[PDB]
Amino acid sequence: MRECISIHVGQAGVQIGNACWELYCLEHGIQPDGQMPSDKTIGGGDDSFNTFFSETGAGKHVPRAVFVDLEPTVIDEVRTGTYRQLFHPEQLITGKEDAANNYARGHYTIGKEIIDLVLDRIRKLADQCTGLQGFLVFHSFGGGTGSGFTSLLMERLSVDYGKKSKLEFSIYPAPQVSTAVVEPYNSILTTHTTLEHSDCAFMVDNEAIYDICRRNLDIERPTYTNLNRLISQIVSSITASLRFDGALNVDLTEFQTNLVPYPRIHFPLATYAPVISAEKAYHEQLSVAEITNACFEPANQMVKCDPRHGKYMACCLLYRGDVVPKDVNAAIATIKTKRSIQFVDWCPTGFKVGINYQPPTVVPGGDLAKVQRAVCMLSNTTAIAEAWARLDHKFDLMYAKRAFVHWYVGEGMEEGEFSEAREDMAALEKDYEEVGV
C-alpha cells in the first residue's frame, strides 16, 4: 500500500474533487462523517482503499486530499456541504482575491501569496504517508487559478518531491459553458509550464461532457453539477485501480508505463461506456461486446477528436462489473477485425485489460442509470493533437493582435512568455505529427 494525494486547484478542480470524493465514499462504503462500518481494523490498516484514505483512532476515514483556491466561494461550499466533516479542515485552503481569469495572477502575483502555505500543508499530508507515490492534480485550463497556480504548484512539487509521480485531470475549455474569453491563453500558458512536470494528464473536454449530457442523459442545458457527476464517474473508473485490488494500473508509475511511450506525448484519451439516463431504469443490459465497441465511437470520448485519422501507441480497457474475461478477449478480437485501429510500428499491439468485478456505483442524486457492466478505455492516440490544434488556433487569432496581453504583462509575466509557450505547443503538435508517420 502506497499513498496517493489528490490536489484540487481552482473552482473547476474543487467542484470536480467534491464530486469525486462523494463517489469514492459510496464505492468504499464510507459515510459523510468518515465512518466505515465494513472496515473492521479500527484506526488503521493497509487495505487498497488506504491509498486514498487515512484513518483516525475514532474510525474516521479521511481523504488524502487538498483543496486550494484563490477566493473562498467554492471551498466555503465544501466546508458546509454534506461532506463538511470528511476532509482535514486545514487541507481546505483559500485566499481572498482570485486570479481574475489571468494565468499571470495565478502563477506570479496572487498565487505567490499562498504557495508556501499550500506546500507546508501538503507536506503535512506527505509526512503521514509510509510510501507516498505521488499526486493527482485536478484543475481547469481556462481559469487563472486552475492554469497559473497549478503551474506554480507543479513546479514547486517537482523540486520538493523529485521522485514522485504527478498525474493531471485537466478541464479543457468549451465556450458553451464558459464566460472566459482569454481561456485559450491560459490553456497554452499552463500546458507549456506544466509539460515537464506532469507524467500523465487526462484532459476532459467540457464540450464532450456537455454533448454526452445532452445526447445520452437528455439534459437540455447541463449545469456544472451535471457535468461534474459524469466527469466524476469517469475519474473514478480511471483511479479505481489505485484504490482496489487489481492487475492493471496498480500504481501511478504503471500509468506512465502503460500509457505514455515518451514523456511529452503524455495525454491519453479516455472513452467511457455506457452512459444511460437514470430515467431508463429498465434498459436492457448491454453485452461486453457492445460496451467495448462503444469505446471506439467518437460520441463516448472525453475529448472531441477523431482517432480514426490518428495512430495508437497504447490501449488499456478498465472494466467494472459482471464481465467474464473470455468475453472481453472475444470482443477485442472482433474490434481488431471490424474496425480500422492502426498502431504505430514500435509498440506492442495488444490491449491491456483490467476487470473490477464490483458493479459500478452511481450517486443517487445523479443522472445515470445503474448498469451491470461498464468500461473505460484509455488510449494514447495521436488524434488528440486535434484538441491542441483547436486551442492553438484561437490563441493565434488573439495573439496576432496582442488582444488582452496587457493584463498578463501587468501581473508579473514577460510578454516573451506568450511566444515561448506557443513555440512549445508548436513543437508538441510536431511531436504528434512525427509519431503519426
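Just count from 1 along the sequence shown to find any residue number.
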(request) Look up the CA B-factors in the entry and say which stretch, 310-318 or 329-337, has the higher mean. (result) 329-337
(request) Read off the CA B-factors in the entry, average them over 357-365 and over 221-229, and name the higher stretch. (result) 357-365
(message) Highest Cα temperature factor in the entry, among the options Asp98, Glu284, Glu168, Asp211: which one is it?
(response) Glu284
(request) Would you mind finding, among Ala65, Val68, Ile42, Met377, the residue with the largest C-alpha temperature factor in the entry? (result) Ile42
(message) Which third, lowest, middle or highest, does the C-alpha temperature factor of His8 belong to within its own chain?
(response) lowest
(message) Looking at the temperature factor on the CA atom of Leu23, which third of the chain's modelled residues does it land in?
(response) lowest
(request) Could you tell me which third, lowest, middle or highest, the C-alpha B-factor of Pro89 occupies within its chain? (result) middle
(request) Quick one: classify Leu252 as lowest, middle or highest third of the chain based on its Cα B-factor. (result) middle
(request) Classify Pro268 as lowest, middle or highest third according to the C-alpha B-factor given in the PDB entry, relative to its own chain. (result) lowest
